[PDB]
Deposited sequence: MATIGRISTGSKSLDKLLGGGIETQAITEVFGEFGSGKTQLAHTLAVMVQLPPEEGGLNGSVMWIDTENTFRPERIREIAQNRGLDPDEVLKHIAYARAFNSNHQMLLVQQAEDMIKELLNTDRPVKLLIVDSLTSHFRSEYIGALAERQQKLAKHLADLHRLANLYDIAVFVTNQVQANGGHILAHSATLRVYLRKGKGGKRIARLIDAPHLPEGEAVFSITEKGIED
């Protein structure tokens, strides 16, 4: 398949990304608590449902939530302010809460079943969100970094296999703050550092110019 792009909702961020986040890729956004990573995830879950003329892929979404941070009412707001029907937008987001890191790993295998079911339809899965990808692994493997890296590596390999095999954009979030971080090392296809700036602006930079955007009723925008 050709590489598809999903607009983030922000012209500035899209330019930094070359048009949007890519299918057949894992995009990792990392930054401190409150930097806006989950807002970007919510926005992408709407944007992907637009037609290509508007920066989407007419796609369905799968969302693995590890922190109980998915907000359907926020999806509704973004959809209503992106000219979509909120009920339809929510009906094309498959949502699961990961209870721990092992269940999170099983959910990726389960996601493949729904991906296959939708593959030849008019609304194939085009976006798989894992938010937060690292939070369970971090809390469960304190003092056991070597084992944590083994399990994370297999998890990321599973996510790569889905992105490439089924032409999906995988979007993952990673909280990194004071003294913290191996990030995801070199595993993602693309690392985006997100931070707060003056006056509530958010600033994004590719790791390995900068885009500037705001969080609004449209999700994010310039």
Coverage holes, deposited numbering, ordered by position, sit at 1, 210-215
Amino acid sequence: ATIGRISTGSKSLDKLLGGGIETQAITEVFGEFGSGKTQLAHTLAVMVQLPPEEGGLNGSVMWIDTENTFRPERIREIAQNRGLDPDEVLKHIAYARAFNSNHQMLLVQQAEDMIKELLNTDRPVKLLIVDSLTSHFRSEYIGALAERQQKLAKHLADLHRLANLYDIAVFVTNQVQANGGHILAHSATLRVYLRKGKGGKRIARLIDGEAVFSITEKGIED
From here on, numbers count along this sequence of modelled residues.
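For the two forms, the rigid core is made up of the largest set of C-alpha atoms that agree within 1.5 Å on superposition.
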To spell it out: superpose each other structure in 8 other deposited structures of this protein onto this one by the rigid core, compute Cα RMS over structures and residues for 34-42 and for 174-182. Which is larger? 174-182
Between the two ranges 145-153 and 78-86, the one averaging a larger CA B factor in the entry: 145-153
Quick one: higher average CA temperature factor, 112-120 or 99-107? 112-120
Residue with highest C-alpha B-factor in the PDB entry, from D65, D167, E28, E54: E54
Highest CA temperature factor in the entry: which of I183, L44, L50, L194? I183
In terms of its chain's C-alpha B-factors, the third that includes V61 is the lowest
Please place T38 in the lowest, middle or highest third of its chain by C-alpha B factor as given in the entry. lowest
Where the record places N174 (Cα B-factor, split into thirds across the chain): lowest
Where does the C-alpha B-factor of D14 rank in its chain, lowest, middle or highest third? middle
If you rank the chain by CA B-factor, which third does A163 end up in: lowest, middle or highest? lowest
